[PDB]
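One structure is given below, encoded as structure tokens.
Chains as they are written, first to last, in the authors' numbering: chain A, 1090 to 1431; chain D, 0 to 127.
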């Protein structure tokens, strides 16, 4: 429960927008820095942060392409930025890079990886907690540009530090702060290019519970798709109000509980928090059970692997009224379901 | 005049017929925006018809047109399409194309406050 304890994707990292017919995650140099400052927390705090000892939540907008409960490991996804090329007359004057002819940013395919420059523990992780938010960040390649920005050589924080580290890491290919010809130039705008991203989750034989993150922006939301691979455990999943790409690969004796309380009612967002409205009358009209598929409302759950008596019965659950927990018990084998109240 | 959503292809057909509506999205990049189709029958409210999300993955139709209408979009050629089949007389309306705001955090997806650009509509009448 406590779908209210969990923040909305983008609360910390920021939500990208369209300002001039272009996706822009940040628009002021100062503010760009803070984002990096934010990104850097994966080193400082770790991959996962704990909400109240109970819920493991990945860092906001941290691209994770794999969670493996067998290895206790994760794999980071693509987080790159456009490389520079062709400075002339470079010096280091007063800790600030100087140039006669300023370097040019370019979209040409060799891109620099931000994540590579990061020191993160992605192995021997502590995934003991039963409660875990699924990642909310798709693969991206940041465009950017600089602009003449006086008086920001004073700027120093975990953000400027990471930015500096990227410069040093990719010698003569990245300069976020520099003086050229007349005045000081700084990266002013972060312009992401999100990409289709399949997050893979390899499950152990334990009991695990997953909350789909609430991602309001539709565009970003639909770049993601989760692929679960069960191995004979007990798996719980709270769907968001949003129809998300979910594929479940079935192992022998896989028991799946899918909370659909966000599917069967209208859900809105009021003060940057979920707001559960009234149950859709004739919600069962929207329920379609096909061979290796559950369609409820417009949400889709695809199924792969061996379907039999050990793993064919998946339990969709929500609350028909305040104090009535209903279970839609779907039989994948016979494309039939039934209705209980416990 | 920059950002527009011009619809075309409306006219007259006879019950059980079919036609195809066109939306020439102009003056922005609709690879980001989700597009909807709405309609207003004579003397009635504006009505939800179909709604394609940016990138497919969310093709929704109103119960009145399920099975009959089919929605499609060519981001590349910046146009959305609605193929209409088995046209009944109840389908007589003024059909509109509209772009869903990029930031719409509502599952309704037809809320009409979540839409920023609206076309002029094309009328469809159905009578033999």
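Here a beta-carbon is modelled for each residue, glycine too, at the ideal position from N, C-alpha and C.
Buried or exposed, going by whether 16 or more other CB atoms sit within 10 Å of the CB of residue i?
{"i": "residue 1 of chain D", "result": "exposed"}
{"i": "residue 1354 of chain A", "result": "buried"}
{"i": "residue 1213 of chain A", "result": "exposed"}
{"i": "residue 1370 of chain A", "result": "exposed"}
{"i": "residue 1226 of chain A", "result": "buried"}
{"i": "residue 1192 of chain A", "result": "buried"}
{"i": "residue 1100 of chain A", "result": "exposed"}
{"i": "residue 1228 of chain A", "result": "buried"}
{"i": "residue 1181 of chain A", "result": "exposed"}
{"i": "residue 1412 of chain A", "result": "exposed"}
{"i": "residue 1147 of chain A", "result": "buried"}
{"i": "residue 1286 of chain A", "result": "buried"}
{"i": "residue 65 of chain D", "result": "exposed"}
{"i": "residue 1338 of chain A", "result": "buried"}
Let me check you understand the geometry: is the CB of residue i closer than 6 Å to at least one non-hydrogen atom of the ligand ADP?
{"i": "residue 5 of chain D", "result": "With respect to the ligand ADP, the structure shown offers nothing to examine, as it has no ligands at all."}
So with CB distances below 9 Å, who are the chain A contacts of residue i?
{"i": "residue 17 of chain D", "result": "Residues of chain A passing the Cβ test: none, with the nearest at roughly 25 Å."}
{"i": "residue 33 of chain D", "result": "1307 and 1308"}
{"i": "residue 28 of chain D", "result": "1107, 1110 and 1111"}
Excluding the 5 residues preceding and the 5 following residue i in the sequence, name in chain order all residues of the same chain whose CB lies nearer than 6 Å to its CB.
{"i": "residue 1330 of chain A", "result": "1351 and 1356"}
{"i": "residue 74 of chain D", "result": "30"}
{"i": "residue 1092 of chain A", "result": "1363"}
{"i": "residue 1366 of chain A", "result": "1354 and 1355"}
{"i": "residue 1325 of chain A", "result": "1298 and 1346"}
{"i": "residue 1427 of chain A", "result": "1418"}
Find the residues of chain A that neighbour residue i, judging by a C-beta separation of less than 8 Å, and give them in chain order.
{"i": "residue 105 of chain D", "result": "1357 and 1358"}
{"i": "residue 102 of chain D", "result": "1104, 1106, 1305 and 1306"}
Determine the chain D residues that contact residue i at a beta-carbon separation under 7 Å, and present them in chain order.
{"i": "residue 1174 of chain A", "result": "Within chain D, no residue comes near residue 1174 of chain A; the closest Cβ sits about 27 Å away, beyond 7 Å."}
Residues of chain D with a CB under 8 Å from the CB of residue i: which are they?
{"i": "residue 1311 of chain A", "result": "52, 53, 54, 56 and 57"}
At 9 Å on the CB atoms, spell out the chain D contacts of residue i, in chain order.
{"i": "residue 1101 of chain A", "result": "Per Cβ cutoff of 9 Å: no residues; residue 1101 of chain A is ~17 Å from chain D at best."}
Within the same chain, show all residues whose beta-carbon is closer than 8 Å to that of residue i, passing over the 5 residues directly before and after it, in chain order.
{"i": "residue 1273 of chain A", "result": "1185, 1237, 1238, 1239, 1240, 1241, 1242, 1266 and 1267"}
Considering only residues of the same chain and omitting the five flanking positions on each side of residue i, which have a CB-CB separation below 7 Å?
{"i": "residue 1320 of chain A", "result": "1292, 1293, 1294 and 1340"}
{"i": "residue 1174 of chain A", "result": "1192, 1193, 1195 and 1262"}
{"i": "residue 40 of chain D", "result": "46, 91 and 92"}
Which residues, in chain order, does the region 1297-1308 of chain A contribute to contact with chain D at a C-beta distance below 7 Å?
1305, 1306, 1307 and 1308
Chain D contacts from the region 1208-1219 of chain A (Cβ-Cβ distance under 8 Å)
none
Interface residues of the region 1356-1385 of chain A facing chain B [CB-CB below 7 Å]
Any reference to chain B falls outside this structure, whose protein chains are A and D.
Beta carbons nearer than 8 Å to chain D: which residues of the region 1316-1337 of chain A have them?
1330, 1331, 1332 and 1334
Listed from N- to C-terminal order along the chain, which residues in the region 53-76 of chain D have their beta-carbon within a distance smaller than 7 Å of any beta-carbon of chain A?
53, 54, 56, 57 and 59
Take every Cβ of the region 1272-1287 of chain A, pair it with every Cβ of the region 1295-1306 of chain A, and state whether three or more of those distances are shorter than 8 Å.
no
Flag this pair as touching only if the region 93-102 of chain D and the region 1416-1427 of chain A have three or more C-beta atom pairs under 8 Å; answer yes or no.
no
Are the region 9-19 of chain D and the region 111-125 of chain D touching, with three or more C-beta to C-beta distances below 8 Å?
yes
Name, going along the chain, the residues of the region 1234-1255 of chain A whose beta-carbon falls closer than 8 Å to a beta-carbon of chain D.
none
With three or more beta-carbon pairs closer than 8 Å as the criterion, would you say the region 1232-1245 of chain A touches the region 1099-1108 of chain A?
no
Kindly confirm or deny that the region 61-78 of chain D and the region 45-52 of chain D touch, where touching means at least three C-beta pairs closer than 8 Å.
yes
Check distances from the C-beta atoms of the region 1180-1191 of chain A to those of chain D and list, in chain order, the residues that come in under 8 Å.
none
Specify whether the region 1398-1415 of chain A and the region 1333-1347 of chain A touch according to this definition: at least 3 beta carbon pairs, one from each stretch, less than 8 Å apart.
yes
Which residues of the region 1382-1407 of chain A have a Cβ closer than 8 Å to any Cβ of chain D? Give them in chain order.
1387
Does the region 65-83 of chain D come close enough to the region 29-45 of chain D that 3 or more CB-CB pairs lie under 8 Å?
yes
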